[PDB]
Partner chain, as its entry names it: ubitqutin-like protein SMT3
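Below you will find one chain, with nothing else, as structure tokens; this is the form deposited without its partner chain, and questions on how it binds or moves follow later.
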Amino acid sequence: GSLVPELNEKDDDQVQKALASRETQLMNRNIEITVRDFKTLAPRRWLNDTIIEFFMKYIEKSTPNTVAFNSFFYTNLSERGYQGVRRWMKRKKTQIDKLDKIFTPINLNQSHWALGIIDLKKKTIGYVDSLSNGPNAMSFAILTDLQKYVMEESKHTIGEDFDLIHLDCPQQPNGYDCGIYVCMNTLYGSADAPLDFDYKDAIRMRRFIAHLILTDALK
């Protein structure tokens, strides 16, 4: 089958409109998306925090027993430890012991977008990068932090024995589609699907998110 649909002509045009539009509110559901933000979905552009946040919340609402944190989660966890993110789970109206997965979009050095996947059932923490040179210091750190997070959040009941892995995923053909690939990996991860997508699937993602935004998908 396929996880990212092809838009019908009316839906793809609505997107086109909004992209060529000069308009301060396409959406407000607590994520306000503007044409300015929307335009980062436009082709060849760097996807911004707001659009990731949107997609993440979409995934949450469209996936049982799943939490998909925004990109500021990892920044706070990294700079301030667990104490800097200790209420974030409670705010999700759930408990960590009651989840299948936890997604964490990661903005490395403000440009490079990557993905952390905590799979509580599989007992793994994966680092997924679409511009991967291989294991490195930052990926190691990400895995270590996410593990620490699990260990704390769970009041030290789970996480200490998790497999800390580097998950292969499809590699982007350019230096700007990181955001999209993160979204792609999140969607697939959420469906427990192998990360076997291609670049054509990825470009369709841009239109899809755009569609989702314009159709008030979070509602």
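Residue numbers count along the first chain shown, from 1.
Not on display, but discussed next: the form deposited with its partner chain bound.
In short, of 152-160, 58-66, 35-43, 189-197 it is 35-43 that has heavy atoms within 4.5 Å of its partner chain in the deposited bound form. By the 4.5 Å heavy atom rule, the three marked residues 110, 113 and 176 all count as contacting its partner chain in the deposited bound form. In the deposited bound form, at least one heavy atom of residue 91 sits within 4.5 Å of a heavy atom of its partner chain. Interface membership of residue 139, defined by any non-hydrogen atom within 4.5 Å of its partner chain in the deposited bound form, is ruled out. The closest non-hydrogen atom of residue 28 lies within 4.5 Å of its partner chain in the deposited bound form.
Among residues of the shown chain, residue 80 is one whose heavy atoms approach its partner chain to within 4.5 Å in the deposited bound form. Between its partner chain and the residues 76, 132, 124, 147, the one pair within 4.5 Å by heavy atoms in the deposited bound form involves 76. Along 41-72, these residues reach a heavy atom to within 4.5 Å of its partner chain in the deposited bound form: 46, 47, 48, 49, 50, 53, 70, 71, 72.
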